[PDB]
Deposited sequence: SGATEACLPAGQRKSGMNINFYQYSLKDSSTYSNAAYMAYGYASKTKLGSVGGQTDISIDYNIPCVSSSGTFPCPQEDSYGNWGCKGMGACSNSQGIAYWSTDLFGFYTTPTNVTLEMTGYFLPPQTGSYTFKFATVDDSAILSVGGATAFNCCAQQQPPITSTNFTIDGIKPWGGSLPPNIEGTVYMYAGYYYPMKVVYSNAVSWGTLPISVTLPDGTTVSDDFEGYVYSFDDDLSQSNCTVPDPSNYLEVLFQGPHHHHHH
């Protein structure tokens, strides 16, 4: 069974996002499981935002044209280089860019690592299939109190588990990388996404298919929550929700 939790403190809507330094055009650091599970936090912490319910990433670099500067959808880049409907671009694909596109935090989405944490609250008991439609550049998803982070300890340093629910670590990988978790209604499941980009475009389309077959994509409002740490809440961890002994 996947470990879940019952935090007793004030629930907040959305995930916390911590941002950490990642070097432009470093294509090797994020290829390692240890880095993606926890090593990212040994680099400089850039900052954080909270309360985020729209969690998909779709970062497009600028195209500087005489008609102005506009983000170029990845699929519209061509040549050496232009953007369809904009002509040739005067700016490089290969430098850092500053934007608030990631969760409103002003940083360099071209080169950054971020950690999303929160608790997923299943409305229905059954099999949930999480998916990343594509990954630019490297990402993991972990679900469970022994795999994502410890119950009632959302804000602590990362745990060392490499038992990822979705392993999207840059070796490129196929599209539509998926991992399934059997979940019991009403229990709060620790959830961690770590995402990294080294250059240019960044993409992580996150979705989950519910037991009833419906798909929730990008906007996880009503499903994801945060709690401030309470390391003193003795009963918080539920190692096997299918054998929890009290009334939920």
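**Student:** Which regions of the deposited sequence are unaccounted for in the modelled residues, listed N- to C-terminal?
**Tutor:** Several stretches lack coordinates - namely 1 to 2, 174 to 176, 254 to 263, in sequence order.
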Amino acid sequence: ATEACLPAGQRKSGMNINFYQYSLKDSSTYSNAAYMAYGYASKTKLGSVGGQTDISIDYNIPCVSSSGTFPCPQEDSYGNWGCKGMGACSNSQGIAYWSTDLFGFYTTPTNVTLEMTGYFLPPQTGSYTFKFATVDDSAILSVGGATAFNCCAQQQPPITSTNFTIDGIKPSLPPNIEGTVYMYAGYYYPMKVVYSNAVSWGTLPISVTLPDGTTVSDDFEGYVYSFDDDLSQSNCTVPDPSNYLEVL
From here on, numbers count along this sequence of modelled residues.
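**Student:** Using the B-factors recorded in the PDB entry, average over the C-alpha atoms of 228 to 236 and of 20 to 28, then report which stretch comes out higher.
**Tutor:** The entry gives the higher C-alpha B-factor average to 228 to 236.
**Student:** Between 159 to 167 and 102 to 110, name whichever shows the higher mean Cα B factor according to the PDB entry.
**Tutor:** In the deposited entry, the stretch with the higher C-alpha B-factor mean is 159 to 167.
**Student:** By the entry's C-alpha temperature factors, tell me which of 172, 117, 77, 127 sits highest.
**Tutor:** The record points to 172.
**Student:** Looking at 196, 217, 52, 200, which has the highest CA B-factor as recorded?
**Tutor:** Result of the comparison over 196, 217, 52, 200: 217.
**Student:** Please rank the C-alpha B-factors of the chain's modelled residues and tell me whether residue 123 sits in the lowest, middle or highest third.
**Tutor:** Highest third of the chain for residue 123's C-alpha B-factor.
**Student:** Among the modelled residues of this chain, does the Cα B factor of residue 152 put it in the lowest, middle or highest third?
**Tutor:** Middle third of the chain for residue 152's C-alpha B-factor.
**Student:** Ordered by C-alpha B-factor within the chain, which third holds residue 135? Give me lowest, middle or highest, please.
**Tutor:** For residue 135, the deposited C-alpha B-factor lands in the middle third.
**Student:** What third of the chain, by the recorded C-alpha B-factor, contains residue 66?
**Tutor:** Answer is highest: the recorded C-alpha B-factor places it there.
**Student:** Split into thirds by Cα B-factor across the chain's modelled residues, where does residue 190 land: lowest, middle or highest?
**Tutor:** Residue 190: CA B-factor falls in the lowest third of its chain.
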